[PDB]
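Peer 1: Can you keep this structure in mind? I'll have questions shortly.
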2 protein chains.
Amino acid sequence: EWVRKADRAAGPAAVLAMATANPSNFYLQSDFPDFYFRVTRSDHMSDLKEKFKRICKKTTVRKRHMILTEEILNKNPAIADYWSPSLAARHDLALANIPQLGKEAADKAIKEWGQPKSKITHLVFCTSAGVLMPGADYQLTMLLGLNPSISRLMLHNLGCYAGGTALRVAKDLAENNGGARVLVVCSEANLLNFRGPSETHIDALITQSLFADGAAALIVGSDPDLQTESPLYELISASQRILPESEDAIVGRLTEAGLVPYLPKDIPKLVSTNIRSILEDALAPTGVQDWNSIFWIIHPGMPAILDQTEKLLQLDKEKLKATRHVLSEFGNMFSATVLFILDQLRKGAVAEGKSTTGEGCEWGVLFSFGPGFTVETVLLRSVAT
Amino acid sequence: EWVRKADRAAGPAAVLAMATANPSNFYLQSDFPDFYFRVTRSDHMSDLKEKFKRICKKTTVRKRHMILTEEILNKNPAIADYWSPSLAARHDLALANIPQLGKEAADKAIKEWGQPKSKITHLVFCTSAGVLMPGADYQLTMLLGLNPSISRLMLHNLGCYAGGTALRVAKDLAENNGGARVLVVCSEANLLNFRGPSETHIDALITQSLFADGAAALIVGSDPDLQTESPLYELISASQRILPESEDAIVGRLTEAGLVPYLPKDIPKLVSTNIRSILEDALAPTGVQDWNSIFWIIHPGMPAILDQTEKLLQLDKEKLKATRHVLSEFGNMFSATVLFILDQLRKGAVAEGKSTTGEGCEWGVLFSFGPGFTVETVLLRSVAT
């Protein structure tokens, strides 16, 4: 059966360009326990700093970019406390930084893409760093001079899986609308989550060892003009799932003092229990049988999950190389992290001279997660280099 | 040119079912100035109550449903103050009420629809009443027993235009995915916006005369099974637009004390300046030339805009009947209001015995607005009754 093309697109959505950006300011992880416990006026919790020193080392993170400088925290001490009224201050920083960081990545993706901005017909903007009305999607549209008639989808506070949601959304936008070009921006920062330490909230302390700032921007479109556009990946399928028996696994409470996390259930075991059949279902239409014949993007919000999945599916230790590089060099930038990893995977495949944007593989899987417990899974097809 | 149907849908997205729900508790507008100034411990502002009495009369609102009872406000006095730290309390009420109110409307829409819940493949959930992680989309999925693999899009804090966004989103979800059935829920309440009066913030006081609680639920799907499903409307086009010279027209600041509005620019003039060409562009593919040969849904967040548009396009005074009925009986329920109006328009067309779900008209326009200044415009096609 055939249908008239009419106003729709013929073929699957493709990533046509990708780029990332971060705040200029960064912290080496080796320096962070000292910096953190100083600026939060918590140097007296010697035994807690010792726990934090161990937490920070086991993250395998090396540096993290952050908007929050010692100077900004000094001018906003409520942000540095464990729990003081500070939401308005955090949202003032979000308005000054999140759309701007998104534009830095968007400029670079549009440059790689090579087409004029006026051909962008849709914008998907994800952030958990600040609820703005109008949103950062609006502010970015104004800063970039995009068409005022652009179709925007603003995704506030989905949490760490939203990079998968953004691709899932962009796929239908691109495929249903002939000529549509979708600018996808995940722009993230710890502005809502950053706070001082508490001996009674170790979960919250662990998040201070991992979360970081950064933005990723993509152009997604179907029916590429192969004379002016160069696909990097195809978005073949995109699915979302609540895992069984995962009620309240990850909760984020938005309060007067910003975002406060609550993580009672064991996240690594939840993923291990379910990852295999989720990826089997994803790979079912490809006829792949070797876990090592595909490329990998796994959200690294809990580094232990990377090791455990690697062992479980018996992956070649180079499979998660791009994933671990981003974790080491940038930390967990919330929903943007899997898109950083995608770009790093592409750049390493090209630099190392492989045959496909998927490190020589044809098929690939992108997997991220967050509150629900929710898992976003994307089936990707590489392109010949 | 033709394309293989493959996994996509053949025809345009259709509304297949619709229903609404509200909190049991309501307030007659004639009683509200007394109730409001009492519970906010503000009876001493006699001159402000007098302004409020006049504001409430000119709204043309008759009743409003609200979660907030005198009892709840007594147990949460910070909510009743103009500006006291209260976000966590407001979000506790959101978690206890917003997904639940959405389920009340969803149950009724699914009943009208007549198919099993397990055929729902997508959920679009809009609210500005509380940022939850996981969102009310998750909570509703759990309360309704929807498939854990449902594709959800959670839309937090877009503001009053999100009813148009929800239809715009559902359209692409339905049309790009063969067999997809999209549950659309706008569930809204004043939980973030409700506060005591200030002589120095008249804008905030006006919003207390209009905002109300309610949920609307729709089933949206392409390729209806005409032996089991009965389309009510077709979603023919859906567009979003930032109006020129409208920077900061509507701003909503999410603070320690909840949502605080800021409305410097003149909203009625902004709409009047731009409405006509926006609707002409919407109607361009229909060949309609008579503004009175189409049916109407206009977001009634500012009642003055209804009169002014009516005069400007010289509408038959019955055109905005369904719109004004919802405003009178329910007030402004944020993004849900245009969907209430759509359902009222359908119910009145059937009850009054007209030839189409569009009061006998073929084409219709749905127009809502909010921060940006953003306008969402939907072109609807009715169905023979």
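Residues are referred to by chain and number: the chain letter is A, B, ... according to the order shown in the structure tokens, the number counts from 1 in that chain, and ligands are numbered separately from 1 in the order shown.
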Could you please select, counting only C-alpha atoms, the residues of chain B within 7 Å of chain A and state them as an MDAnalysis selection string?
Peer 2: chainID B and resid 1:5 10 85 87:88 131:134 138 148:151 155:158 172:173 175:176 239:242 251:256 371:372
Peer 1: Can I get the selected residues back with C-alpha atoms, as a PDB file, in the first residue's frame?
Peer 2:
```pdb
ATOM      1  CA  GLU B   1       4.257  11.357  -5.965  1.00  0.00           C
ATOM      2  CA  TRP B   2       3.399   8.475  -3.610  1.00  0.00           C
ATOM      3  CA  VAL B   3       5.285   6.920  -0.692  1.00  0.00           C
ATOM      4  CA  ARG B   4       4.932   3.511   0.899  1.00  0.00           C
ATOM      5  CA  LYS B   5       2.548   3.652   3.863  1.00  0.00           C
ATOM      6  CA  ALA B  10      -2.651   7.572   5.839  1.00  0.00           C
ATOM      7  CA  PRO B  85       7.716  30.585  50.874  1.00  0.00           C
ATOM      8  CA  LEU B  87       6.348  26.100  46.692  1.00  0.00           C
ATOM      9  CA  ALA B  88       6.808  22.703  48.333  1.00  0.00           C
ATOM     10  CA  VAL B 131       6.493  20.840  38.265  1.00  0.00           C
ATOM     11  CA  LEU B 132       6.788  17.185  39.268  1.00  0.00           C
ATOM     12  CA  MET B 133       9.638  14.714  38.622  1.00  0.00           C
ATOM     13  CA  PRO B 134       8.408  12.179  37.573  1.00  0.00           C
ATOM     14  CA  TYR B 138       3.845   9.349  34.750  1.00  0.00           C
ATOM     15  CA  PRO B 148       4.291   1.089  30.514  1.00  0.00           C
ATOM     16  CA  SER B 149       5.691   1.421  26.963  1.00  0.00           C
ATOM     17  CA  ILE B 150       3.435   4.420  26.176  1.00  0.00           C
ATOM     18  CA  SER B 151       5.251   7.340  24.519  1.00  0.00           C
ATOM     19  CA  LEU B 155       4.681  19.750  28.986  1.00  0.00           C
ATOM     20  CA  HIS B 156       5.332  21.786  32.147  1.00  0.00           C
ATOM     21  CA  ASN B 157       4.645  25.519  32.415  1.00  0.00           C
ATOM     22  CA  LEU B 158       4.058  26.578  28.835  1.00  0.00           C
ATOM     23  CA  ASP B 172       2.285  14.716  14.292  1.00  0.00           C
ATOM     24  CA  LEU B 173       2.261  11.777  16.732  1.00  0.00           C
ATOM     25  CA  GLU B 175      -0.214  11.075  11.574  1.00  0.00           C
ATOM     26  CA  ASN B 176       3.332   9.640  11.633  1.00  0.00           C
ATOM     27  CA  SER B 239       0.996  26.568  13.931  1.00  0.00           C
ATOM     28  CA  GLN B 240       2.778  28.578  16.622  1.00  0.00           C
ATOM     29  CA  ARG B 241       3.874  32.203  16.385  1.00  0.00           C
ATOM     30  CA  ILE B 242       5.656  34.921  18.349  1.00  0.00           C
ATOM     31  CA  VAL B 251       6.007  36.757  32.023  1.00  0.00           C
ATOM     32  CA  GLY B 252       5.497  34.212  34.776  1.00  0.00           C
ATOM     33  CA  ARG B 253       8.230  34.061  37.404  1.00  0.00           C
ATOM     34  CA  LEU B 254       8.477  30.774  39.303  1.00  0.00           C
ATOM     35  CA  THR B 255       9.675  31.713  42.780  1.00  0.00           C
ATOM     36  CA  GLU B 256       9.848  30.446  46.361  1.00  0.00           C
ATOM     37  CA  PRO B 371       3.990  33.861  27.111  1.00  0.00           C
ATOM     38  CA  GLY B 372       6.031  35.003  24.129  1.00  0.00           C
TER      39      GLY B 372
END
```
Peer 1: If DSSP is run on the backbone, what residues of segment 33-146 of chain A are strand (DSSP E)? A reply as a list in words would be ideal.
Peer 2: residues 63, 64, 65, 122, 123, 124, 125, 126 and 127 of chain A
Peer 1: Write to file, as a CSV table (one decimal), in the first residue's frame, the residues of the selection just made, with N, CA, C and O atoms.
Peer 2:
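Saved result, again-v4.csv, follows:
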```csv
chain,number,residue,atom,x,y,z
A,63,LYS,N,37.0,16.5,34.8
A,63,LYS,CA,36.7,17.9,35.0
A,63,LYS,C,35.2,18.1,34.7
A,63,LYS,O,34.5,17.2,34.1
A,64,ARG,N,34.6,19.2,35.1
A,64,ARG,CA,33.2,19.5,34.9
A,64,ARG,C,33.2,21.0,34.6
A,64,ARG,O,33.8,21.8,35.3
A,65,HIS,N,32.4,21.4,33.6
A,65,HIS,CA,32.2,22.8,33.4
A,65,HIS,C,30.9,23.3,34.2
A,65,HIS,O,30.0,22.5,34.3
A,122,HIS,N,11.3,24.0,13.2
A,122,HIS,CA,10.9,23.5,14.5
A,122,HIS,C,12.1,23.6,15.5
A,122,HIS,O,13.2,23.6,15.1
A,123,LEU,N,11.7,23.8,16.8
A,123,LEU,CA,12.8,23.8,17.8
A,123,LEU,C,12.3,22.9,19.0
A,123,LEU,O,11.1,23.1,19.5
A,124,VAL,N,13.1,22.0,19.4
A,124,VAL,CA,12.8,21.2,20.6
A,124,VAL,C,13.9,21.6,21.6
A,124,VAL,O,15.1,21.4,21.4
A,125,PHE,N,13.5,22.1,22.8
A,125,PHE,CA,14.4,22.6,23.8
A,125,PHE,C,14.1,21.9,25.1
A,125,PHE,O,13.0,21.9,25.6
A,126,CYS,N,15.2,21.2,25.6
A,126,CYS,CA,15.0,20.5,26.9
A,126,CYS,C,15.9,21.1,27.9
A,126,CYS,O,17.2,21.3,27.7
A,127,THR,N,15.4,21.4,29.1
A,127,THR,CA,16.3,21.8,30.3
A,127,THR,C,15.6,21.4,31.6
A,127,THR,O,14.4,21.4,31.7
```
Peer 1: How many Å lie between atom CA of residue 68 of chain B and atom CA of residue 195 of chain B, rounded to one decimal?
Peer 2: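 Computing it gives 11.0 Å between the two atoms.
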Peer 1: For atom CA of residue 74 of chain A and atom CA of residue 204 of chain A, quote the distance in Å rounded to one decimal.
Peer 2: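 Separation of atom CA of residue 74 of chain A and atom CA of residue 204 of chain A: 21.2 Å.
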Peer 1: Can you list, as a list in words, all residues belonging to segment 162-259 of chain B that DSSP tags as alpha helix (DSSP H)?
Peer 2: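 Residues of segment 162-259 of chain B classed as alpha helix (DSSP H): residues 162, 163, 164, 165, 166, 167, 168, 169, 170, 171, 172, 173, 174, 175, 176, 202, 203, 204, 205, 206 and 207 of chain B.
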Peer 1: Those residues you just picked out, can you put them in a file as a PDB file, in the first residue's frame with C-alpha atoms?
Peer 2:
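Dumped to result-v2.pdb:
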```pdb
ATOM      1  CA  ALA B 162      -0.540  24.827  25.769  1.00  0.00           C
ATOM      2  CA  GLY B 163      -3.954  23.501  24.694  1.00  0.00           C
ATOM      3  CA  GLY B 164      -3.001  24.533  21.185  1.00  0.00           C
ATOM      4  CA  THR B 165       0.472  23.036  21.617  1.00  0.00           C
ATOM      5  CA  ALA B 166      -1.051  19.744  22.766  1.00  0.00           C
ATOM      6  CA  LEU B 167      -3.141  19.493  19.567  1.00  0.00           C
ATOM      7  CA  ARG B 168      -0.141  20.540  17.480  1.00  0.00           C
ATOM      8  CA  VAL B 169       1.944  17.789  19.092  1.00  0.00           C
ATOM      9  CA  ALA B 170      -0.780  15.117  18.975  1.00  0.00           C
ATOM     10  CA  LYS B 171      -1.254  15.799  15.240  1.00  0.00           C
ATOM     11  CA  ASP B 172       2.285  14.716  14.292  1.00  0.00           C
ATOM     12  CA  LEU B 173       2.261  11.777  16.732  1.00  0.00           C
ATOM     13  CA  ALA B 174      -1.014  10.479  15.256  1.00  0.00           C
ATOM     14  CA  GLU B 175      -0.214  11.075  11.574  1.00  0.00           C
ATOM     15  CA  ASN B 176       3.332   9.640  11.633  1.00  0.00           C
ATOM     16  CA  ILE B 202      -2.882  44.918  40.381  1.00  0.00           C
ATOM     17  CA  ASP B 203      -1.979  42.516  37.545  1.00  0.00           C
ATOM     18  CA  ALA B 204      -1.616  39.683  40.050  1.00  0.00           C
ATOM     19  CA  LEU B 205      -4.976  40.647  41.576  1.00  0.00           C
ATOM     20  CA  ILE B 206      -6.734  40.505  38.201  1.00  0.00           C
ATOM     21  CA  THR B 207      -5.480  36.932  37.662  1.00  0.00           C
TER      22      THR B 207
END
```
Peer 1: Name all residues at most 10 Å from residue 231 of chain A (count only C-alpha atoms; drop same-chain ones fewer than 2 positions away) and give them as a list in words.
Peer 2: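 Listing them by chain and then by number gives residues 13, 14, 15, 16, 17, 113, 219, 220, 221, 222, 223, 224, 225, 226, 229, 233, 234, 357, 382, 383, 384 and 385 of chain A.
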Peer 1: Go ahead and write the selection's residues with N, CA and C atoms as a short mmCIF file (atom, residue, chain, number, x, y, z; two decimals), in the first residue's frame.
Peer 2:
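Full text of out-v2.cif as output:
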```cif
data_model
loop_
_atom_site.label_atom_id
_atom_site.label_comp_id
_atom_site.auth_asym_id
_atom_site.auth_seq_id
_atom_site.Cartn_x
_atom_site.Cartn_y
_atom_site.Cartn_z
N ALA A 13 13.90 10.16 9.70
CA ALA A 13 14.60 11.33 10.23
C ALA A 13 16.09 11.04 10.35
N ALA A 14 16.92 12.02 10.00
CA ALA A 14 18.37 11.89 10.13
C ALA A 14 18.95 13.05 10.93
N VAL A 15 19.94 12.74 11.75
CA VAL A 15 20.81 13.77 12.30
C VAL A 15 21.69 14.32 11.17
N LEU A 16 21.57 15.62 10.90
CA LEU A 16 22.32 16.27 9.83
C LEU A 16 23.49 17.11 10.34
N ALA A 17 23.50 17.46 11.61
CA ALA A 17 24.58 18.22 12.20
C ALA A 17 24.43 18.11 13.70
N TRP A 113 26.03 22.43 9.63
CA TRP A 113 24.93 22.08 8.74
C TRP A 113 25.04 22.81 7.40
N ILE A 219 20.71 19.31 14.30
CA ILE A 219 19.72 19.51 13.25
C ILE A 219 19.21 18.14 12.83
N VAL A 220 17.89 17.96 12.87
CA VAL A 220 17.26 16.70 12.49
C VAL A 220 16.32 16.99 11.32
N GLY A 221 16.41 16.18 10.28
CA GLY A 221 15.55 16.35 9.12
C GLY A 221 15.51 15.09 8.29
N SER A 222 14.36 14.88 7.63
CA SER A 222 14.19 13.80 6.66
C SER A 222 14.48 14.31 5.25
N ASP A 223 14.59 13.38 4.31
CA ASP A 223 14.80 13.70 2.91
C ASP A 223 15.95 14.69 2.71
N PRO A 224 17.16 14.35 3.16
CA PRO A 224 18.30 15.26 2.99
C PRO A 224 18.55 15.59 1.53
N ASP A 225 18.97 16.83 1.29
CA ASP A 225 19.49 17.26 -0.01
C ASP A 225 20.97 16.86 -0.05
N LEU A 226 21.24 15.68 -0.60
CA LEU A 226 22.58 15.10 -0.48
C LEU A 226 23.66 15.93 -1.18
N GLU A 229 23.65 18.61 2.16
CA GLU A 229 23.50 18.09 3.51
C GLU A 229 24.17 16.73 3.60
N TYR A 233 23.57 10.28 11.21
CA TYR A 233 22.86 9.13 11.74
C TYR A 233 21.43 9.18 11.24
N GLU A 234 20.77 8.02 11.24
CA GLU A 234 19.33 7.96 11.03
C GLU A 234 18.66 7.54 12.33
N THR A 357 30.04 6.38 10.64
CA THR A 357 29.92 7.26 11.81
C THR A 357 29.67 6.46 13.08
N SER A 382 24.06 4.15 11.35
CA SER A 382 25.19 4.98 10.96
C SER A 382 25.15 5.31 9.46
N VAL A 383 26.12 6.12 9.04
CA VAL A 383 26.31 6.50 7.64
C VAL A 383 27.76 6.24 7.27
N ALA A 384 27.99 5.84 6.02
CA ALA A 384 29.35 5.61 5.54
C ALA A 384 30.17 6.89 5.60
N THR A 385 31.38 6.80 6.16
CA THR A 385 32.23 7.98 6.34
C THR A 385 32.75 8.52 5.01
#
```
Peer 1: Hey, what's within 10 Å of residue 316 of chain A if we count only C-alpha atoms and toss same-chain stuff fewer than 5 positions away? As a PDB file with N, CA and C atoms, in the first residue's frame, please?
Peer 2:
```pdb
ATOM      1  N   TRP A 291      26.254  -8.375  20.180  1.00  0.00           N
ATOM      2  CA  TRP A 291      26.209  -7.108  20.906  1.00  0.00           C
ATOM      3  C   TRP A 291      27.380  -6.210  20.546  1.00  0.00           C
ATOM      4  N   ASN A 292      28.443  -6.771  19.972  1.00  0.00           N
ATOM      5  CA  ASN A 292      29.642  -6.009  19.673  1.00  0.00           C
ATOM      6  C   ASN A 292      29.699  -5.557  18.224  1.00  0.00           C
ATOM      7  N   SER A 293      28.720  -5.926  17.408  1.00  0.00           N
ATOM      8  CA  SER A 293      28.634  -5.452  16.033  1.00  0.00           C
ATOM      9  C   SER A 293      27.864  -4.142  15.899  1.00  0.00           C
ATOM     10  N   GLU A 310      28.505  -3.508  30.657  1.00  0.00           N
ATOM     11  CA  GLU A 310      29.645  -4.033  29.911  1.00  0.00           C
ATOM     12  C   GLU A 310      29.894  -5.500  30.239  1.00  0.00           C
ATOM     13  N   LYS A 311      29.909  -5.828  31.535  1.00  0.00           N
ATOM     14  CA  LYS A 311      30.084  -7.210  31.971  1.00  0.00           C
ATOM     15  C   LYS A 311      28.905  -8.080  31.547  1.00  0.00           C
ATOM     16  N   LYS A 321      33.826   3.509  24.938  1.00  0.00           N
ATOM     17  CA  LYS A 321      34.922   4.476  24.949  1.00  0.00           C
ATOM     18  C   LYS A 321      34.413   5.914  24.841  1.00  0.00           C
TER      19      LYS A 321
END
```
Peer 1: Given the choices A:129, A:339, A:140, A:378, which gets closest to residue 235 of chain A if the distance is worked out from only C-alpha atoms?
Peer 2: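 Closest to residue 235 of chain A of all the choices is A:378.
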Peer 1: Fewer than 2 positions away in the same chain doesn't count, so skip those; otherwise give me all residues within 10 Å of segment 31-36 of chain A, counting only C-alpha atoms, as a PDB file with N, CA, C and O atoms, in the first residue's frame.
Peer 2:
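Ended up saving to around_0.pdb:
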```
ATOM      1  N   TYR A  27      35.985  22.942  36.660  1.00  0.00           N
ATOM      2  CA  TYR A  27      36.669  22.499  37.866  1.00  0.00           C
ATOM      3  C   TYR A  27      37.275  21.137  37.591  1.00  0.00           C
ATOM      4  O   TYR A  27      36.582  20.233  37.114  1.00  0.00           O
ATOM      5  N   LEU A  28      38.572  20.987  37.859  1.00  0.00           N
ATOM      6  CA  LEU A  28      39.142  19.650  37.884  1.00  0.00           C
ATOM      7  C   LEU A  28      38.576  18.899  39.074  1.00  0.00           C
ATOM      8  O   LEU A  28      38.450  19.458  40.168  1.00  0.00           O
ATOM      9  N   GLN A  29      38.243  17.620  38.867  1.00  0.00           N
ATOM     10  CA  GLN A  29      37.648  16.841  39.953  1.00  0.00           C
ATOM     11  C   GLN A  29      38.600  16.716  41.141  1.00  0.00           C
ATOM     12  O   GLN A  29      38.168  16.757  42.299  1.00  0.00           O
ATOM     13  N   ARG A  38      34.640  24.302  50.860  1.00  0.00           N
ATOM     14  CA  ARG A  38      34.947  25.688  51.204  1.00  0.00           C
ATOM     15  C   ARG A  38      33.764  26.602  50.907  1.00  0.00           C
ATOM     16  O   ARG A  38      33.208  27.228  51.818  1.00  0.00           O
ATOM     17  N   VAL A  39      33.345  26.673  49.634  1.00  0.00           N
ATOM     18  CA  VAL A  39      32.312  27.627  49.229  1.00  0.00           C
ATOM     19  C   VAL A  39      30.980  27.358  49.903  1.00  0.00           C
ATOM     20  O   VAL A  39      30.151  28.265  50.003  1.00  0.00           O
ATOM     21  N   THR A  40      30.737  26.135  50.359  1.00  0.00           N
ATOM     22  CA  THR A  40      29.500  25.862  51.069  1.00  0.00           C
ATOM     23  C   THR A  40      29.657  26.047  52.576  1.00  0.00           C
ATOM     24  O   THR A  40      28.790  25.597  53.336  1.00  0.00           O
ATOM     25  N   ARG A  41      30.736  26.698  53.016  1.00  0.00           N
ATOM     26  CA  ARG A  41      30.983  26.971  54.433  1.00  0.00           C
ATOM     27  C   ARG A  41      30.767  25.714  55.278  1.00  0.00           C
ATOM     28  O   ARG A  41      30.088  25.729  56.305  1.00  0.00           O
ATOM     29  N   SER A  42      31.344  24.601  54.810  1.00  0.00           N
ATOM     30  CA  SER A  42      31.146  23.295  55.430  1.00  0.00           C
ATOM     31  C   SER A  42      32.468  22.591  55.742  1.00  0.00           C
ATOM     32  O   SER A  42      32.481  21.370  55.941  1.00  0.00           O
ATOM     33  N   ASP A  43      33.569  23.337  55.821  1.00  0.00           N
ATOM     34  CA  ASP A  43      34.873  22.735  56.100  1.00  0.00           C
ATOM     35  C   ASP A  43      34.907  22.004  57.436  1.00  0.00           C
ATOM     36  O   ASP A  43      35.790  21.164  57.645  1.00  0.00           O
ATOM     37  N   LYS A  49      33.592  15.467  54.219  1.00  0.00           N
ATOM     38  CA  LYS A  49      34.551  15.729  53.149  1.00  0.00           C
ATOM     39  C   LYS A  49      35.325  14.470  52.782  1.00  0.00           C
ATOM     40  O   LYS A  49      35.607  14.228  51.601  1.00  0.00           O
ATOM     41  N   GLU A  50      35.675  13.653  53.783  1.00  0.00           N
ATOM     42  CA  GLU A  50      36.401  12.418  53.493  1.00  0.00           C
ATOM     43  C   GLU A  50      35.552  11.468  52.665  1.00  0.00           C
ATOM     44  O   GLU A  50      36.067  10.817  51.749  1.00  0.00           O
ATOM     45  N   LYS A  51      34.261  11.340  52.998  1.00  0.00           N
ATOM     46  CA  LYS A  51      33.366  10.555  52.147  1.00  0.00           C
ATOM     47  C   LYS A  51      33.308  11.149  50.747  1.00  0.00           C
ATOM     48  O   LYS A  51      33.368  10.423  49.748  1.00  0.00           O
ATOM     49  N   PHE A  52      33.217  12.479  50.659  1.00  0.00           N
ATOM     50  CA  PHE A  52      33.107  13.132  49.362  1.00  0.00           C
ATOM     51  C   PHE A  52      34.366  12.935  48.529  1.00  0.00           C
ATOM     52  O   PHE A  52      34.286  12.743  47.309  1.00  0.00           O
ATOM     53  N   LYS A  53      35.538  13.010  49.171  1.00  0.00           N
ATOM     54  CA  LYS A  53      36.779  12.735  48.463  1.00  0.00           C
ATOM     55  C   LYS A  53      36.728  11.366  47.802  1.00  0.00           C
ATOM     56  O   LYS A  53      37.113  11.209  46.641  1.00  0.00           O
ATOM     57  N   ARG A  54      36.241  10.359  48.523  1.00  0.00           N
ATOM     58  CA  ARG A  54      36.129   9.021  47.951  1.00  0.00           C
ATOM     59  C   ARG A  54      35.058   8.965  46.868  1.00  0.00           C
ATOM     60  O   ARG A  54      35.253   8.309  45.841  1.00  0.00           O
ATOM     61  N   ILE A  55      33.912   9.631  47.081  1.00  0.00           N
ATOM     62  CA  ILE A  55      32.864   9.639  46.060  1.00  0.00           C
ATOM     63  C   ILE A  55      33.389  10.244  44.765  1.00  0.00           C
ATOM     64  O   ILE A  55      33.211   9.681  43.682  1.00  0.00           O
ATOM     65  N   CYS A  56      34.071  11.392  44.864  1.00  0.00           N
ATOM     66  CA  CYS A  56      34.560  12.088  43.675  1.00  0.00           C
ATOM     67  C   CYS A  56      35.586  11.276  42.901  1.00  0.00           C
ATOM     68  O   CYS A  56      35.589  11.307  41.661  1.00  0.00           O
ATOM     69  N   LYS A  57      36.469  10.546  43.608  1.00  0.00           N
ATOM     70  CA  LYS A  57      37.438   9.698  42.914  1.00  0.00           C
ATOM     71  C   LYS A  57      36.751   8.559  42.166  1.00  0.00           C
ATOM     72  O   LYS A  57      37.097   8.260  41.015  1.00  0.00           O
ATOM     73  N   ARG A  62      36.991  13.676  35.513  1.00  0.00           N
ATOM     74  CA  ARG A  62      38.216  14.467  35.590  1.00  0.00           C
ATOM     75  C   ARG A  62      37.969  15.968  35.632  1.00  0.00           C
ATOM     76  O   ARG A  62      38.659  16.672  36.377  1.00  0.00           O
ATOM     77  N   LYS A  63      37.040  16.495  34.828  1.00  0.00           N
ATOM     78  CA  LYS A  63      36.663  17.893  34.960  1.00  0.00           C
ATOM     79  C   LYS A  63      35.175  18.051  34.652  1.00  0.00           C
ATOM     80  O   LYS A  63      34.534  17.169  34.074  1.00  0.00           O
ATOM     81  N   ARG A  64      34.645  19.194  35.057  1.00  0.00           N
ATOM     82  CA  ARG A  64      33.239  19.523  34.867  1.00  0.00           C
ATOM     83  C   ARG A  64      33.170  21.015  34.621  1.00  0.00           C
ATOM     84  O   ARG A  64      33.819  21.795  35.329  1.00  0.00           O
ATOM     85  N   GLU A  70      33.045  30.678  42.333  1.00  0.00           N
ATOM     86  CA  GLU A  70      33.070  31.109  43.728  1.00  0.00           C
ATOM     87  C   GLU A  70      32.484  32.507  43.865  1.00  0.00           C
ATOM     88  O   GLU A  70      31.791  32.809  44.844  1.00  0.00           O
ATOM     89  N   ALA A  80      24.501  28.261  47.972  1.00  0.00           N
ATOM     90  CA  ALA A  80      25.529  27.398  48.540  1.00  0.00           C
ATOM     91  C   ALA A  80      25.065  26.639  49.783  1.00  0.00           C
ATOM     92  O   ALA A  80      25.649  25.602  50.097  1.00  0.00           O
ATOM     93  N   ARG A 195      23.784  22.519  45.848  1.00  0.00           N
ATOM     94  CA  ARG A 195      23.541  22.963  47.220  1.00  0.00           C
ATOM     95  C   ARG A 195      24.664  22.455  48.116  1.00  0.00           C
ATOM     96  O   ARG A 195      25.492  21.637  47.706  1.00  0.00           O
ATOM     97  N   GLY A 196      24.675  22.958  49.351  1.00  0.00           N
ATOM     98  CA  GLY A 196      25.639  22.557  50.351  1.00  0.00           C
ATOM     99  C   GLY A 196      25.398  21.143  50.826  1.00  0.00           C
ATOM    100  O   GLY A 196      24.390  20.515  50.475  1.00  0.00           O
ATOM    101  N   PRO A 197      26.334  20.599  51.608  1.00  0.00           N
ATOM    102  CA  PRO A 197      26.211  19.216  52.080  1.00  0.00           C
ATOM    103  C   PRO A 197      25.396  19.052  53.355  1.00  0.00           C
ATOM    104  O   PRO A 197      25.298  19.940  54.204  1.00  0.00           O
ATOM    105  N   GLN A 208      26.234  15.967  43.768  1.00  0.00           N
ATOM    106  CA  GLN A 208      27.212  17.044  43.651  1.00  0.00           C
ATOM    107  C   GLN A 208      28.564  16.571  43.117  1.00  0.00           C
ATOM    108  O   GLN A 208      29.396  17.411  42.769  1.00  0.00           O
ATOM    109  N   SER A 209      28.810  15.269  43.052  1.00  0.00           N
ATOM    110  CA  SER A 209      30.067  14.779  42.499  1.00  0.00           C
ATOM    111  C   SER A 209      30.006  14.563  40.995  1.00  0.00           C
ATOM    112  O   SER A 209      31.058  14.357  40.373  1.00  0.00           O
TER     113      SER A 209
END
```
Peer 1: Could you work out how far atom CA of residue 338 of chain B lies from atom CA of residue 160 of chain B, giving the answer in Å with one decimal?
Peer 2: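 Spanning atom CA of residue 160 of chain B to atom CA of residue 338 of chain B is a straight-line distance of 9.4 Å.
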Peer 1: For residue 187 of chain B, which of B:230, B:60, B:368, B:337 is the closest residue, counting only C-alpha atoms?
Peer 2: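 Selected residue with least distance to residue 187 of chain B: B:337.
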